[PDB]
Trainee: 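The structure follows.
Convention: sequence-line order gives letters A, B, ...; per-chain numbering from 1. Each ligand, and each atom within it, is numbered from 1 in the order the structure gives. Just the heavy atoms: all of them, side chains too, but no hydrogens, waters or symmetry mates, feed the values below.
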Amino acid sequence: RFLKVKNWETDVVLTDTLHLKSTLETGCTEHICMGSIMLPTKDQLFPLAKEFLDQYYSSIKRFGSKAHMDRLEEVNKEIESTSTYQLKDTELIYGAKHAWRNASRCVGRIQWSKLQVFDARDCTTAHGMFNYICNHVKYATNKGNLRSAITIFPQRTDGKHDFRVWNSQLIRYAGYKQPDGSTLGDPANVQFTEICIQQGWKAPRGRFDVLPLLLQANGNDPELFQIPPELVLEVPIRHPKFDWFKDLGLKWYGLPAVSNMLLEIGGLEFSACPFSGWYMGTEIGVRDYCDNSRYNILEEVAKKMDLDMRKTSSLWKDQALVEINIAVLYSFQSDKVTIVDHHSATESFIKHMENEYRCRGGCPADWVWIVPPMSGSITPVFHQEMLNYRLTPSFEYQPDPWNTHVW
Amino acid sequence: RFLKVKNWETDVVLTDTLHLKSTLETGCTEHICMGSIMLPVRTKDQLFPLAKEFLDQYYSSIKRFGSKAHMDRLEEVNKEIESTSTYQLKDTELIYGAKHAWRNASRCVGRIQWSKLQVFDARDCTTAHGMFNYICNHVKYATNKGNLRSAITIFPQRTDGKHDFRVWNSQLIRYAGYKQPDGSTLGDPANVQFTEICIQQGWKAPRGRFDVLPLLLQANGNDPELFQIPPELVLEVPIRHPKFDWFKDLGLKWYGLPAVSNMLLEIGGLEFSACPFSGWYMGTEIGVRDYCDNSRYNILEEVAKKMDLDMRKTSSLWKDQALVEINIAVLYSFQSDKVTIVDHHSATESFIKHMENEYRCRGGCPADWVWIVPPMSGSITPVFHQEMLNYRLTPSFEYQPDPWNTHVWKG
Ligand code: HEM
Ligand code: HEM
Ligand SMILES: C[C@H](O)[C@H](O)[C@H]1CNc2nc(N)[nH]c(=O)c2N1
Ligand SMILES: C[C@H](O)[C@H](O)[C@H]1CNc2nc(N)[nH]c(=O)c2N1
Ligand SMILES: NC(=[NH2+])NCCC[C@H](N)C(=O)O
Ligand SMILES: NC(=[NH2+])NCCC[C@H](N)C(=O)O
Ligand SMILES: [Zn+2]
């Protein structure tokens with residue numbers, strides 16, 4: 001029942017009781033661990049709403065109060081009457097912040113309580129969605145001084161009137177398959193980039209074409225929109241020593257804004273809930289830039305450094321990797337754009353974890369996602385045992401809309 | 001039931017059915033994953049079924065399942081168990097067992113080599129001096145003047161739990177660690193407790209930063225005895241850098257033979273509490289963990305200073321830059337001295353090929369992602385992008401409590 005996690009670098013042992021409140025499954029069993037797998041009714045709703053409201057009133061020190069009982073009956077009546085219910089603004093804010101607090105794969109949760117919540121539940125059309133999104137982008141970007149935020153559109157009703165942001169992130173680059181058989185731009189977005197074309201977008205066919213927003217409101221067909229270029233902050237990447245680095249012509253955007261996940265609060269499902277914070281260096285420098293399936297730029301950079309790429313044991317890939325990440329961080333910092341390196345971010349997560357254990361009795365964490373993609377063991381989280389479990393409110397994965405939409 | 005795993009870099013999807021032959025638990029449940037947790041005398045009753053399962057596996061491997069030889073062996077073992085409460089493995093079954101324990105080790109990235117293991121049968125051993133002799137022979141054989149050969153030495157199995165054979169060292173070759181009164185540590189911090197035990201047992205410590213520890217050996221449940229491994233049998237490599245001439249002046253070196261000696265080997269229900277095994281190093285084990293862990297030699301700063309990196313702020317990634325150079329030095333040194341070693345790129349690439357082969361010929365390959373992915377440059381190695389399934393198959397290597405915590409001293 002009571003589990004303990006130890007840090008093998010400090011010997012610090014923490015006891016976890018919070019997992020005892022876990023509701024959803026993990027995918028693992030007593031016979032098999034799937035820890036490395038990426039994607040492992042009124043009668044149903046009231047229980048979920050009750051669980052949520054109970055934690056909410058408990059958080060505001062009014063558990064078992066008349067107000068608690070009142071709201072709890074009001075929702076029951078509303079569900080029985082409308083087969084669903086609406087959250088109070090206070091509950092919505094609490095729920096979104098806690099979905100982040102509960103995100104086991106997020107290393108920056110020390111920032112969880114500082115989240116700007118934009119209530120877009122009054123939205124009805126795709127143009128309205130575009131407007132809300134532009135405002136979120138402008139607010140969150142804040143001229144480089146990034147501020148975490150989330151915009152919440154109308155909750156699911158009958159599943160045939162769902163709001164959805166077809167993009168995977170508010171801001172991403174297009175990808176096109178060239179005759180050469182090679183891919184131009186970001187291979188990760190090749191399919192989405194084609195759907196935009198299939199819709200009318202005039203692809204400039206560059207290495208970094210900021211994709212258009214494909215917005216779906218109330219279940220209708222998605223519409224394109226070009227985010228005001230003036231609102232998309234980008235950072236040209238240059239190295240603080242290698243003047244030839246700028247010649248690679250690489251750049252990245254400052255705002256990471258996941259837009260394809262589903263926010264679940266008190267049983268309610270918000271299928272369109274774009275959220276953003278700020279980047280951890282490795283996300284761009286290691287994954288976006290060096291993944292073989294992404295921009296895959298290691299070799300190019302290696303050649304420019306004149307490294308011995310004849311043998312893997314020369315560790316040329318590793319040397320180049322470091323340089324590419326020093327640059328990314330240097331570029332963002334030079335342009336005054338918020339960004340955090342993997343050492344600072346992991347150190348903060350450890351602190352957060354400790355705070356969470358002594359104040360909440362635990363902190364669900366997915367080691368596989370928390371440990372940075374480079375220099376793993378020189379960051380504190382590598383040596384930190386973690387318990388992964390699912391707590392709600394939560395951010396969940398959901399099927400891409402183009403594989404479920406009925407035009 | 002079929003379970004699929006996908007490699008997100010190649011989209012290759014594999015199907016696992018081997019997990020169905022898994023018996024042991026993992027530590028996880030449908031409500032909680034313990035995938036990052038380091039460490040989540042039998043009776044006749046539970047022993048014959050374990051023997052049968054193993055013998056069935058053995059006879060199937062040699063294409064003699066159901067044969068008279070198979071049936072007679074099962075009968076022979078059954079009689080032996082009811083007669084003596086235990087049983088002895090035939091040499092062939094011991095070899096098959098040891099190789100499969102390696103084949104089944106989910107945390108081992110070098111398993112492509114599993115079928116190539118020299119098994120030394122030391123079940124006739126009765127004393128600590130006998131254990132020392134066997135261990136010297138293992139080290140000399142395995143070292144092979146730098147051309148490392150994988151090997152395992154298997155001492156007598158557990159009987160009543162009061163006559164266990166144990167190698168108290170965690171590895172046959174390791175450096176001593178000494179806690180100074182000022183709170184600092186001389187040598188390898190990971191071995192301070194064991195070093196103190198050795199000193200107490202009579203070892204005269206030279207108190208240097210790289211002193212090869214003596215062997216502390218326990219035979220037949222008796223108190224352990226100290227032995228010094230012949231220096232001429234301990235191969236070491238001075239660490240230097242191909243471009244930085246000052247690197248050698250850090251006074252660093254390491255031993256060439258990694259020989260884990262504190263695990264338990266379970267074969268057909270039998271427990272071999274003393275079963276030292278060795279292969280060869282993957283660079284990062286030394287360059288990343290042994291040298292750069294804050295709790296080990298912790299050399300990142302001293303190296304970073306010499307390279308004169310901007311140690312003012314972490315965003316300069318000086319720790320990362322130094323880490324790479326140290327690992328370059330480790331590989332370069334071993335290669336230059338002609339001592340077998342594999343870099344993490346080569347090792348993980350081979351593991352992926354091995355894993356795919358296992359899925360196709362065996363129906364699976366249990367693997368612990370947390371341990372398989374190297375401690376540096378994780379995502380630039382293929383294993384990072386490979387989904388894995390972790391489950392426990394026997395024969396297997398298991399952890400066991402340190403002997404000093406359970407041993408009943410006879411004095
Ligand atoms: C303040 C800055 C923040 C930092 C530095 C941070 C950092 C990270 C990192 C490095 C990852 C892994 C990304 C990947 O590998 O694809 C991650 C994942 C995630 N973060 Fe955070 N995060 C921040 C803000 C946010 C915000 C504002 C939310 C929600 C309101 C959030 C929710 C999540 C979730 C749900 C995931 C997993 C997404 C997935 O499964 O693909 N994060 N975060
Ligand atoms: C031939 C070269 C070999 C290589 C390159 C290799 C590499 C590795 C590495 C990198 C680890 C992780 C070590 C750590 O993080 O402490 C490991 C673990 C392991 N290997 Fe291998 N290995 C090899 C041979 C062997 C042999 C001969 C056996 C057994 C017959 C074996 C059994 C295991 C086991 C059981 C573990 C886990 C140990 C633990 O839990 O502490 N390995 N191996
Ligand atoms: C197969 C494996 O689960 C996959 O490559 C995971 C590993 N860890 C990760 N960690 C983070 N932060 N992000 C990812 O996309 C991944 N991918
Ligand atoms: C807490 C966490 O499980 C621990 O630090 C693990 C992570 N991965 C590892 N991987 C290897 N190969 N060796 C280790 O000792 C560890 N330690
Ligand atoms: N820090 C964040 N909020 N990240 C969200 C995911 C961004 C993704 N890892 C990327 O590199 O584009
Ligand atoms: N390749 C091996 N057989 N390794 C065994 C473990 C060695 C241990 N990681 C060390 O650095 O000493
Ligand atoms: Zn698990």
Trainee: Does the structure place the NZ or CZ of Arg207(A) under 6.0 Å from the centre of the six-membered ring of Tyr173(A), at an angle of no more than 45° from the ring's axis?
Mentor: no
Trainee: Taking only non-hydrogen atoms of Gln169(A), do any sit less than 4.0 angstrom from ligand 5?
Mentor: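 Checking ligand 5 against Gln169(A), which is what was asked, there is a heavy-atom contact under 4.0 Å.
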Trainee: Please report, to 10°, the angle around the Zn ion (ligand 7) from atom SG (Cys33(B)) across to atom SG (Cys33(A)).
Mentor: 100°
Trainee: Nearest to atom 15 (O) of ligand 1, what protein heavy atom do you find, and at what distance?
Mentor: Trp369(A) CZ3, 3.6 Å
Trainee: Output yes when the distance from some N or O of ligand 1 to some N or O of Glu283(A) is under 3.5 Å, and no in every other case.
Mentor: no
Trainee: Nearest non-hydrogen contact with atom 5 (C) of ligand 5 belongs to which option: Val258(A), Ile171(A), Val107(A)?
Mentor: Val258(A)
Trainee: So, the side chain of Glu25(B) versus the backbone of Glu30(A): is there a donor-acceptor pair under 3.5 Å, distance only?
Mentor: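 Not confirmed, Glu25(B) side chain does not pair with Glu30(A) backbone.
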Trainee: Donor-acceptor check, side chain of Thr346(A) to backbone of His343(A), threshold 3.5 angstrom: yes or no?
Mentor: yes
Trainee: Does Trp252(A) reach ligand 5, in the sense of a heavy atom lying below 4.0 Å from it?
Mentor: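 Distance cut 4.0 Å: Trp252(A) fails for ligand 5.
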Trainee: With the side chain counted from C-beta on, respond yes when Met34(A) and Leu389(B) share a heavy-atom pair under 4.5 Å apart, and no when they do not.
Mentor: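 With C-beta onward as the side chain, the pair touches.
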Trainee: Without swapping roles, check the side chain of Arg109(A) against the backbone of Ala103(A) for a donor-acceptor pair under 3.5 Å.
Mentor: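 Checking the backbone N and O of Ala103(A) against the side chain of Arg109(A), a donor-acceptor pair under 3.5 Å is found.
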Trainee: Any donor and acceptor pair, going by atom type alone, linking the side chain of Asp335(A) with main-chain N or O of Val337(A) inside 3.5 Å?
Mentor: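 No, the answer is negative, given that no donor and acceptor are paired below the 3.5 Å cut-off.
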Trainee: Using heavy atoms and a 4.0 Å limit, tell me yes or no: is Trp278(A) in contact with ligand 5?
Mentor: yes
Trainee: May I ask you to decide if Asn142(A)'s main-chain N or O and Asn145(A)'s side chain share a donor-acceptor pair within less than 3.5 Å?
Mentor: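 No, because the side chain of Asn145(A) does not come within donor-acceptor range (under 3.5 Å) of the backbone of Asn142(A).
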Trainee: Does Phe275(A) approach ligand 1 within less than 4.0 angstrom via side chain, backbone, both or neither, non-hydrogen atoms only?
Mentor: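 The side chain, only.
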Trainee: Starting from atom 26 (C) of ligand 1, find the nearest protein heavy-atom neighbour and note its residue, name and distance.
Mentor: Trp100(A) CE2, 3.4 Å
